[PDB]
Amino acid sequence: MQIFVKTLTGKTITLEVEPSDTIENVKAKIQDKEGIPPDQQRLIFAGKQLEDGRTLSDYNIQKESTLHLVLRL
Amino acid sequence: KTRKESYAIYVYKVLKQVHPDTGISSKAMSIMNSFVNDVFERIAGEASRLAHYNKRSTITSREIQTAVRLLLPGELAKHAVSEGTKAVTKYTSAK
Amino acid sequence: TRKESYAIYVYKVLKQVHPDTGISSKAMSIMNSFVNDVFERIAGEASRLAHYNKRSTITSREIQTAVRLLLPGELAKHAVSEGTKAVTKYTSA
Amino acid sequence: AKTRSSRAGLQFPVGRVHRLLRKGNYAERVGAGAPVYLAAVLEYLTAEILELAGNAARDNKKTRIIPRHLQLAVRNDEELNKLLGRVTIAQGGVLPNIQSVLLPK
Amino acid sequence: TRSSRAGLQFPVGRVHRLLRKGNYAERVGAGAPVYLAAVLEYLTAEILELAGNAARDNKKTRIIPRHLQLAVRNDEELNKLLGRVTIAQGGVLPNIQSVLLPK
Amino acid sequence: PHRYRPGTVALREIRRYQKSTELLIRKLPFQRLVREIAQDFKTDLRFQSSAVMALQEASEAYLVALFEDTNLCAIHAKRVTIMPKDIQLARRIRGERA
Amino acid sequence: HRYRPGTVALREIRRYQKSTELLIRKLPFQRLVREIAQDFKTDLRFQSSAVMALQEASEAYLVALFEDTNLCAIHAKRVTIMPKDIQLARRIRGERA
Amino acid sequence: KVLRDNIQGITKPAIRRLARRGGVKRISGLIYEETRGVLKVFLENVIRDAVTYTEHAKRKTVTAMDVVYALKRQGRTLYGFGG
Amino acid sequence: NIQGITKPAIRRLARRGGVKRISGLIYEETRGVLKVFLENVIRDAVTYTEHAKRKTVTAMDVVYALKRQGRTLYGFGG
DNA sequence: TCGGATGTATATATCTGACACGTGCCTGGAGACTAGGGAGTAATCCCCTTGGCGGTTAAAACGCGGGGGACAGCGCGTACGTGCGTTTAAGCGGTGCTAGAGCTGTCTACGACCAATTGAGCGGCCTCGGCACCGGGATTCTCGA
DNA sequence: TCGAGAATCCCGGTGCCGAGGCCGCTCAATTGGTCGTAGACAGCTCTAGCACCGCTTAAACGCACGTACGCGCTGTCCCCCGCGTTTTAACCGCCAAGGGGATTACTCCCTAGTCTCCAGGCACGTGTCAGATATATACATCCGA
């Protein structure tokens, strides 16, 4: 299953994640395909700020989901 | 002296089963006792209310299952009903 | 099939209070539901208090304490005065 | 005086309250003074609400009572409003309040 | 006994007696206490496992209310179940607003 | 060509709808939405009309209360127009999950 | 030397929010509880555990209210909390009339 | 018959009127989507509770009284439909 | 008496919440809200111990009063 | 500040469908009496709360330099209110029809009580190892340059 | 950007008291069994939810146009914050006393339960006026020269 994340720049990038995939792994994926360190990556889905460590199946993020991202310098 | 009753031994057995080498404090025992009592009170009250609500004077497995589906959230509700029905069928298999 | 309600009693109280005022069906249903809800609340609180105090009988005292618990100050005072007047009137005869 | 309600000079019934209390599984045993007290409290509350509603209806030059009058009476009294702070009434409406800053200057 | 037949830890008889004497209903069936005990045991086992993991994280061997509070507030569903409740000697989760952080 | 200044007609509507008491959302789309929502949990469910009416009344009350709290938050923020962030803030402070 | 404002504040934030002990002095709280209970009845006697429980509940409630006030204050594009934030939070919570 | 895309039934003027009843004066052009989402989640919760209640009843029709029970469970009881 | 809640104490209590700066009137505002909260809680507890027919306030009464307002507490046998 | 166009509150006929009232009856409530278990009352004991005194020291209180933050004023370019014309689906009025809610009789398996029995669970003792406290050293930001 | 100084975390050593285990004992959980009734089932009966067809029109959608409001930039003035010194009362540690909570034993009286009789309230039915619709008019209010 794949979702999408858009930043404030309007660019939406596909993320190939899994229910067992964690926020640490997804931010590693953003590091791999965008280069942005996770310490600037801040993300909202359904108005909730996720921590690092949980799983997507815990929050049951459905497929084709679009997340909102900013870079906190 | 008053013979006060608690759930210390049973939760101790459960803790030993799930974790071999782990200790516990007295405040944790009080907290677990209170939590168990609260959950039991909630479930029993809801089940009794529903049983007398659908014109019946008998409380069985069914209204307890319905209450477990009601108060408990989804995934844990499914796990709870699975565990409960497994226990019931295991008990009724023997005699 | 019978459908029990609190219609005639509410109508009598309304007639006693106001002499020439009428009531509609929806308002009567609203009053019936409100009366049932208040009765349920008071009875449940009284039963819980009686079981807390380790007793096996519901009397006037636990009802009075429940009224003091839920209802606000002046409302509780007026209600308890009316209740004690009613009970002493009943027990006089 | 045959009926119990006539004994205490009350309008609400007594036998019905006693039977509802007994069959409501609230306690193992019940006394002989609970129903009169409960009926008196219920009658007082109903009389208060009804008189509020009647005054509100009279204020609008009508004769019958509609749920809007009940909503106005309930929400215009502080203690009665606090008693029903988590209750929604059908067709009641809302109170006509406008924020001061929104008004034109 | 009866808990032995179902392969459970919690006592069936105590639950049965509490249900009967708690005047919840006029009569009770023979299948209720087993289900209730199973559900209670599942919930307490989950809570104890989370608390034990949290305690093992901090290089300790005993469980104190802080570990229970952390375990409860970390799991989403367990947090939403015990929403309007408080735990003595618990504390708060380590959160700081992003804006408050220095430039 | 008469041209009212902005906000006057808004005040007129505010007063008119506050005075009235009937519901506002049409019936058939709400019934269709309720049926479609209930389709997922269980198939071939028949609904009584009074249940749909009760659902509409409850939704009306909830939405009115939420909009009132949103307006309170918006006027606190020193603005005149409500924004989604006000809705999220009100939902968060109320204690309901956002 | 000197420390710029805002640093030791964060230090205290971390230190206090890491720990799990109470902050209000016991004796003034007990005196206040006794005096406020003197109104409803005189010559009342209190068990210590009751006072401890009251203190715990009060501290939890105050911390929750302060967190909500801070959230409202940052939403209003400010850094310092003000009494208007307190009243707005209490009003939206639905407890204050 | 399959039903889909019914959430658009709640039109923009209806939401505007609902806001106007509350007392709002000016409306931004983006609140409609989150309003629809909030309505959707509220409806989902209430409908699920009512469906469970009628499922225990061993029937195939959902009455308003079950809706009243479900509304009462969430601490938002309602007067005007009996019970 | 009521002024016994020191300014540094309430400052620390707020600091646990996660607030950086503090203005002048917060101390008085929290004193008032604490007064209201305590008034309600010990009023309910006093009523409970009144019906209990005892001259001592027990922690169980406080637990029951806290529960009755939807603010139940864990860790004292209730 | 004014005046015309607009919207709103007021007066009046009228016709209708919801509301107050008369009637029969039947099922729940009241009169009468029992019988026993639950509650009220009286001693008695001893455990926990109140009270008070000495110290010590950590916390509280008061004053001062100052740089960062709240608040007001100005400019602008856009996002939404308003009016108009066009399209379209909601609402109303009958018409069919069948799935299913609701009530009735049966007979049957399931749950309460009671008498004998025992071992699982609770109270008291102990002992020792996990945790608290203190001295010492390594690391890392954090403000100045 | 590069410099140092407290602040903080890690490590080792030492001491202490709460938890885990053990032993003795009384009461609540088993067990074999009878008897009454709660309800699962079969049936049947009438009601209301669903599908639909046609007509009407008030409501919905899209567009032009204009303005006032959210937002960024600038400045000022002032007020909490971080240190440093002086003042005090909290807490510990201990010692004394008693009164109120917890328990036991005795007695009496209040209510569940049963029977018989009867009238209070509910379903059914009907006349009628309070209020919504429609109409017409005078008063209040809003934009601009």
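Chain I residue numbers are taken from Swiss-Prot; in order, the displayed residues are 26-103.
Method on record in the header is electron microscopy, 3.4 Å.
From the backbone N, Cα and C atoms, a Cβ is placed for every residue, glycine too.
For I:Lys32 (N6-(2-hydroxyisobutyryl)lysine), the same-chain residues that are 6 or more apart in sequence and have a Cβ closer than 8 Å to its Cβ are I:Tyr52. Secondary structure from DSSP puts I:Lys32 (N6-(2-hydroxyisobutyryl)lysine) in a helix. Under the heading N6-(2-hydroxyisobutyryl)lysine, Swiss-Prot lists I:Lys32 (among others).
Annotation comment: Swiss-Prot describes I:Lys32 (among others) as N6-succinyllysine.
Sequence annotations record features per position, and here Swiss-Prot assigns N6-lactoyllysine to I:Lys32 (among others) based on similarity to another entry.
Residues or ranges marked as UFM1 cross-link in Swiss-Prot: I:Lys32.
Residues or ranges marked as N6-(2-hydroxyisobutyryl)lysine in Swiss-Prot: I:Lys45 (among others). Every protein chain shown contributes to the tally, and the Cβ of I:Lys45 (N6-(2-hydroxyisobutyryl)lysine) ends up with 21 other Cβ atoms within 10 Å.
A C-beta separation below 8 Å, combined with a sequence spacing of at least six in one chain, links I:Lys78 (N6-butyryllysine) to none of the other residues. Taken from Swiss-Prot, the feature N6-butyryllysine applies to I:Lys78 (among others).
Here Swiss-Prot flags I:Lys78 (among others) as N6-glutaryllysine, drawing on similarity to another entry.
Per Swiss-Prot, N6-(2-hydroxyisobutyryl)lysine is recorded for I:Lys78 (among others).
Listed in sequence order, there are no same-chain residues at least 6 apart in sequence whose CB falls under 8 Å from the CB of I:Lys80 (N6-(2-hydroxyisobutyryl)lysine). DSSP classifies I:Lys80 (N6-(2-hydroxyisobutyryl)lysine) as coil under the three-state reduction. Taken from Swiss-Prot, the feature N6-(2-hydroxyisobutyryl)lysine applies to I:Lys80 (among others).
The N6-acetyllysine annotation in Swiss-Prot covers I:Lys92 (among others) and is backed by similarity to another entry. Same-chain residues at least 6 positions away in sequence with a Cβ under 8 Å from that of I:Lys92 (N6-acetyllysine) are, in sequence order, I:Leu98, I:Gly103.
Annotation source Swiss-Prot lists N6-propionyllysine at I:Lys92 (among others).
Classification of I:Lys92 (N6-acetyllysine) by DSSP places it within a helix. Residues or ranges marked as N6-butyryllysine by Swiss-Prot on the basis of similarity to another entry: I:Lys92 (among others).
Sequence annotations record features per position, and here Swiss-Prot assigns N6-succinyllysine to I:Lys92 (among others).
The feature ubiquitin cross-link is assigned by Swiss-Prot to I:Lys92.
For the recorded site, I:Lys45 (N6-(2-hydroxyisobutyryl)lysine), the DSSP three-state label reads coil. Chain G lies within reach of none of the modified residues I:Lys32, I:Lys78, I:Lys92 when a CB-CB distance under 8 A is required. Under 8 angstroms separates the C-beta of I:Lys45 from a C-beta of chain E, among the modified residues I:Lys32, I:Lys45, I:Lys78, I:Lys80, I:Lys92.
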